[PDB]
There are 2 protein chains.
Amino acid sequence: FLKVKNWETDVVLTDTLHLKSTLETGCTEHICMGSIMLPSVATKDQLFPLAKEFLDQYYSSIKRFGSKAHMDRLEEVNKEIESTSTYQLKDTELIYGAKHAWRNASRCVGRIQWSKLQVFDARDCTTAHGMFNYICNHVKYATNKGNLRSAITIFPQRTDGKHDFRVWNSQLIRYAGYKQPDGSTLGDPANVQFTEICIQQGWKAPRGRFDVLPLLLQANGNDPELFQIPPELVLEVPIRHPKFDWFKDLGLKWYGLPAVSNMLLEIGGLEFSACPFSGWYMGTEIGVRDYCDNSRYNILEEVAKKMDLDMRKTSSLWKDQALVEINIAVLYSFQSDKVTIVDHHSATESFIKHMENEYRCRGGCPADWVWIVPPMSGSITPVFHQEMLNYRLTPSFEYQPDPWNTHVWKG
Amino acid sequence: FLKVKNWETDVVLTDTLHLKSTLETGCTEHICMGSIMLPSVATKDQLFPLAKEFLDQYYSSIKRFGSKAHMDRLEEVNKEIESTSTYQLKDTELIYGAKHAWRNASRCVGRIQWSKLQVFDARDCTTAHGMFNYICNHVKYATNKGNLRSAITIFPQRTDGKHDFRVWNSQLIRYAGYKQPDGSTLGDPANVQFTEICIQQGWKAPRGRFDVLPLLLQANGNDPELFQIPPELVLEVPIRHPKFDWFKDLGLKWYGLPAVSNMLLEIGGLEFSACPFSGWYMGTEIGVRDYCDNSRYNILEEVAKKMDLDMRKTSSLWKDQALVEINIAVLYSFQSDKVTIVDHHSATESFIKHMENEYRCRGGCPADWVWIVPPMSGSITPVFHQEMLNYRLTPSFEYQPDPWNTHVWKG
Ligand code: HEM
Ligand code: HEM
Ligand SMILES: CNCc1cc(F)c(F)c(-c2cc(C)cc(N)n2)c1
Ligand SMILES: CNCc1cc(F)c(F)c(-c2cc(C)cc(N)n2)c1
Ligand SMILES: C[C@H](O)[C@H](O)[C@H]1CNc2nc(N)[nH]c(=O)c2N1
Ligand SMILES: C[C@H](O)[C@H](O)[C@H]1CNc2nc(N)[nH]c(=O)c2N1
Ligand SMILES: [Zn+2]
């Protein structure tokens, strides 16, 4: 019945939710792997315990634990796992499972919103075109004219393994990355291998900077196909500073909608290999990681110059100073456009408040300190000072291999 | 034989040193405690294995593993643990053990220096006055006119338990903290309970801000006694900015020498309860933690004002902007005074290089990501992007209770 302390407010909370934890973390009694980025077909025997566990907590949630309805649904799913060696989720069960996959995502600082999630049931989808249509309506709904709304679209679950629905993009909206004749890189270096796959499958690249990538959609295990998101559905924010008018000359912009598409949603032992989900951006993901990561857009070089900073000396903190301006500007631009965004102080304060609620009415909140603390100004945000216990609850979002490493291809 | 990756350079290194790990981390297979700050008399039976292990690696180090000298020293220490149920370290063994306690300190970003350590053997000390004298010569030597040098002074080891040598200060040099009649706090709020103990034992407090605290020294389990470090031995740096002359008006200064005095040094199963050790400061400990921690000096309030920043809105990043100036100033002040200091970019780069050396010639480097990453500008330093394995090797520095919670007092 462990305790976690906050070393800024002296607040203690008691965690018992970790007792319901099931999966393994990577750590042992003699080694901690909490800074490792990714540490490590199904059968019908394994499937009923997972189904039972999920069903027991779902009916526990609607305040009908063990009622006739719960007992009949247990027997019903049991027999469906006899008949088909799989089963199907109720609409209500799918919405509960998705909302709790988010709720349980220990690397997510935005979970105070977890119960406000819009679930789009695309389990009737059969083709890549159908996926494109579903994905388009997700983008339009979640963007909502810049008044962004959280959403997830859930495609058919894995069955045999070789019939998988997969979005090959890592995010629904990403900027292209092309290498150069002189060896360097234009666009987004993260995506250079994906940008090349698109071209290998027929993409005709407008080889510039902020070129939105096309979708690569694989349906029912078939080879994936290219589709272009109507550019009117792709909302973008131009980045200006509220002081420095040379900022516009920098010519930077980002897309409004963060939408992860490469993860796996697990519910009651069922695996949804395509489940794109979207929220809104925290400022630092664009301004610190996207723009100033050394292997991403890498703009500290220029923003420092155009401020005339002492770049000769490492200890002038020219890099730090240019970093704060960039994030004031990303924020400023998004807000003056009514496009939803959150600064890393408001987001981290909300997560402390979210943590308090979870410990009260749930007995804990799995949390990954390495990922919750923002990538700048860490100790002036309250989560730096907050002990967190990390553990794996289900339903959950999991990593999965890139599909071009697994897909027994064909044509 | 685990692997750790750097996600900025794609470099991989292989860790086998973790196999020599002995102590437990707090984590299990189902919970990770890597963000918990402090997770959890000796006998003669437990003592020989610890002595043997330490001796086997010491003689392995001087390239005489298993020689006659090693076999005789094993038998000699064995028999001394028969005779006294304890044993005594050789001068060479004490220096090796201390240097490796540092080398093994997974929370320390400065370990590239671990083999340059000056060891002061105070095991002949018998009185609090003798401790004062030893501590004074440590301060003078390590300060070295601002050309700081690393050092440790090792007082008699624990024997029965009730005869402990302890420095009651948490650091040799700290600023006093006094509460106020109006409820607030002057000085350093961290130390308000220690500042009060000093007064309860007879300290006459010059109730101001940067008042250097007196030593509280307990010798051979006796009640501790107060001593004032000659102020000429306490080097201090006045904090000015290289742009903002209102900075001097702020009237800030810090002491040059970071010297931890409350930790326990463990060598071959022997426990040195008083082992003050000192290096030089990394800029962010003063400028970010000491000055801008909410429960420390808490100056973001004023530095923001005197810059005229948008403090009405949380998302103006006024706090971030005022943070970068303060750390440019702490650094600038220390350097213009020839007083050794390191910026968080140079320090974190050196630790990557140190990590590479350890994996090569040692098979690993225990490392605590939560503590290695600096408390500001985290992801623009290379350690943010560096996976680290944490594990506990011995010799080691350990936490221990504050002595005023344990000391069976008297007079
Ligand atoms: C509501 C607005 C949201 C905000 C402000 C937010 C914030 C964040 C941030 C800053 C990250 C770190 C991303 C990174 O550094 O790679 C993250 C990760 C994550 N978010 Fe949230 N998020 C939001 C909505 C959502 C939604 C709707 C879901 C799922 C339904 C979700 C699930 C996750 C997951 C699973 C991760 C982990 C990604 C990984 O491990 O690579 N978030 N979130
Ligand atoms: C050579 C210059 C050094 C630098 C730049 C340096 C840097 C640091 C920093 C920034 C911390 C974090 C302190 C905190 O946030 O509380 C730390 C912790 C630590 N340092 Fe180093 N250090 C140096 C020398 C030393 C020496 C000489 C020793 C021991 C002989 C040492 C042992 C430790 C230990 C044991 C900790 C952990 C303290 C704790 O867990 O609370 N360091 N160091
Ligand atoms: C591989 N890391 C995952 C990842 C990469 C990105 F690019 C993101 F934008 C987000 C993300 C996702 C959501 C729903 C909200 C938010 N604020 N960020 C997550
Ligand atoms: C309880 N945390 C430990 C702690 C507190 C402090 F105030 C320090 F200054 C240091 C420290 C120690 C050394 C040898 C070098 C350095 N750069 N910092 C460590
Ligand atoms: C090595 C380390 O685990 C890696 O850099 C992690 C650190 N924490 C992070 N935290 C967030 N939010 N996003 C990230 O990509 C990372 N990267
Ligand atoms: C909760 C958390 O473990 C605590 O704030 C830690 C985080 N990392 C730290 N890292 C350093 N270097 N120093 C600290 O005091 C802390 N505090
Ligand atoms: Zn761990």
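So you know, we letter chains A, B, ... as the sequences are listed, proteins then strands, and number each from 1. Hydrogens, waters and symmetry mates are skipped; everything else that's a heavy atom, side chains included, is used. Atoms within each ligand, like the ligands themselves, are counted from 1 in listed order.
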Side-chain heavy-atom pair B:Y291, B:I286 within 4.5 angstrom cut-off: yes
B:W102 six-ring face occupied by B:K99 cation (under 6.0 Å, within 45°): no
Shortest protein heavy-atom distance from atom 19 (C) of ligand 3, along with the residue and atom involved: A:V260 CG2, 3.4 Å
Is there a heavy atom of B:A347 sitting under 4.0 angstrom from any atom of ligand 2? no
Can you confirm, on distance only, whether ligand 3 has an N/O atom lying under 3.5 Å from any N/O atom belonging to A:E285? yes
Would you name the heavy atoms of A:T348 and A:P374 that are closest together and state the gap between them? CG2-CG, 3.5 Å
Trace of the side chain to side chain contact (heavy atoms under 4.5 Å, CB included) decision for B:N262 with B:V167: CA-CA 6 Å; B:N262 58 2; B:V167 182; over 6 Å; no
Report the nearest protein non-hydrogen atom to atom 13 (C) of ligand 2: residue, atom name, distance rounded to 0.1 Å. B:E285 OE1, 3.8 Å
Atom 38 (C) of ligand 2: nearest protein contact (heavy atom, Å): B:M263 SD, 4.0 Å
Might you point out which heavy atoms bring B:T381 and B:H345 nearest each other, and give the distance in Å? CG2-ND1, 4.0 Å
To the nearest 0.5 Å, atom OG1 of A:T25 lies from atom CD1 of A:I36 at 11.5 Å
Measuring from B:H344:NE2 to A:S315:OG, what's the distance to the nearest 0.5 Å? 10.0 Å
Using a 4.0 Å cut-off to any heavy atom of A:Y281, which atoms of ligand 3 qualify? 9 (F), 17 (N)
Option set A:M282, A:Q171, A:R289, criterion heavy-atom distance to atom 7 (F) of ligand 3, minimum: A:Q171
Which ligand 2 atoms, with their elements, are less than 4.0 angstrom from a heavy-atom of B:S278? 27 (C)
Crowded around A:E349 CD? As in, over 12 foreign heavy atoms under 6.0 Å? no
For B:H138 and B:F120, take the angle between the two ring planes, folded into 0 to 90°, and tell me which bin it lands in: parallel under 30, tilted 30 to 60, perpendicular over 60. tilted
Is there a side-chain contact between B:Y399 and B:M263, using heavy atoms and a 4.5 Å cut-off? yes
Could you tell me which atoms of ligand 3, counted from 1 in the order shown, lie closer than 4.0 angstrom to a heavy atom of A:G279? 14 (C)
Gap separating the CZ atom of A:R296 from the CG atom of A:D290, nearest 0.5 angstrom: 4.0 Å
To the nearest 0.5 Å, how far apart are CG in B:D343 and CG in A:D320? 8.5 Å
Hey, does B:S170 have a side-chain heavy atom less than 4.5 Å from the side chain of B:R174? yes
The number of protein N, O or S atoms lying under 2.8 Å from atom 21 (Fe) of ligand 2 is 1
Per-atom contact, atom 15 (C) of ligand 3, protein heavy atoms, under 4.0 angstrom: yes
Could you tell me the separation between the OG atom of B:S278 and the CD1 atom of B:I173, rounded to the nearest 0.5 Å? 9.0 Å
Please write down residue, atom name and distance for the protein heavy atom closest to atom 2 (N) of ligand 3. A:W371 CH2, 4.2 Å
Pull up every protein N/O/S atom sitting under 2.8 Å from the Zn ion (ligand 7), skipping waters. A:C27 SG, A:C32 SG, B:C27 SG, B:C32 SG
Does a donor on one side chain sit under 3.5 Å from an acceptor on the other, for A:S106 and A:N390? yes
Measure the acute angle between the ring planes of B:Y255 and B:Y281, then classify it against the limits of 30° and 60° as parallel, tilted or perpendicular. tilted
Around atom 5 (C) of ligand 2, find the nearest protein heavy atom and jot down its residue, atom name and distance. B:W280 O, 3.4 Å
Please compare B:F277, B:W371, B:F397 and report which has the shortest non-hydrogen distance to atom 12 (C) of ligand 2. B:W371
Give the atom numbers and elements of ligand 2 that come within less than 4.0 Å of a heavy atom of B:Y399. 39 (C), 40 (O), 41 (O)
Using a strict cut-off of 4.0 Å, indicate which atoms of ligand 3 neighbour a heavy atom of A:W280. 15 (C), 16 (C), 17 (N)
How long is the straight-line distance from CE of B:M33 back to OG1 of B:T28, given to the nearest 0.5 Å? 7.0 Å
